[PDB]
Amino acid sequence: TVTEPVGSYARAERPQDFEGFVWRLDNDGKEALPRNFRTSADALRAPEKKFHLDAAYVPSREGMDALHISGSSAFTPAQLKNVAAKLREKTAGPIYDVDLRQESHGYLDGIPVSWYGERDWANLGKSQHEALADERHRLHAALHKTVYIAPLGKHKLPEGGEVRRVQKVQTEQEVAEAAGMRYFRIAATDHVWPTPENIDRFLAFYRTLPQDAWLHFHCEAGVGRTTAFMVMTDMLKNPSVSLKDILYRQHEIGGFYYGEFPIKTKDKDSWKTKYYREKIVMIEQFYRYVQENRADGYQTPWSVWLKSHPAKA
């Protein structure tokens, strides 16, 4: 009898040790677009050296032109409108803002902020229902109140910033709709493999999407969580494509590389090591899920299948 199976390591951490303490600035709004903006129509580029991949390898692009997905970091409302305009030039279908952030976030006087706790785990352990309620209450409590908004600097602690008496509060859902995008929230915890709950929710959403739906995924930095769901989407929609091809191409259009690589962390980041290893294993397990459940149309939910086919470290 194991306490936490592979893929749920984060359940072992104590939420009370990472509670929120400051309104973190999610984007300074200086660039026209959010960071790490990329689409499945982009050309592939050389791999990042840290992943020790074969730069000579040419990944298949099979299914990429019809994939219709994109990813990015968090954004200001003006940056999201620029994203929506860009994406509109590529499709006539609905464009979804797929918010993968479990952390409570929103917009204060138009400024994208989030309630940051150590490791960005201020909502760790909360059901999506509880995380969204925390977010609604906090945002609403900010209205007409003085707040401190700051970017993280030295050692993931506030550095500089600004103080203001808030005159307007908006949720990301409102900002997405204002940019002409549909909204869908998946409360995934920063830095770790999405939970069975996160993924079951994504799969049910994916099933009823119109054929021409375009999914724009984003988290805070636009790397970990964003690439995980872009990869899952690529596997679901292009099941005949090899694992290697999916991983290389999602990485080479500008995302994270989710295959085995020499994991190296600074000493103060050594806690990330097992989460990176867990993600590598789970990516493989999700691919296996896709290959073994597509013939009957995924009658068996990911959470259920995963409990009867546990992943191995």
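Start at 1 with the first residue shown and count on from there.
Per the PDB record, of the two stretches 262-270 and 63-71, 262-270 carries the greater mean B-factor over its C-alpha atoms. Of the two stretches examined, 124-132 and 148-156, the record assigns the greater average C-alpha temperature factor to 148-156. Considering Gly161, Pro194, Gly106, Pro94 together, the PDB entry gives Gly161 the largest C-alpha B factor.
Note on the listed residues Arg249, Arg38, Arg288, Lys279: the highest Cα temperature factor in the record is that of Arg288. Remark: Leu139 belongs to the middle third of its chain, ranked by C-alpha B-factor as recorded. Per-chain ranking of the deposited C-alpha B factor places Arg225 in the lowest third. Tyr298: CA B factor lies in the highest third for its chain, per the PDB record. Among the modelled residues of its chain, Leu209 has a C-alpha B-factor that falls in the highest third, as given in the PDB entry. Per-chain ranking of the deposited C-alpha B factor places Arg119 in the middle third.
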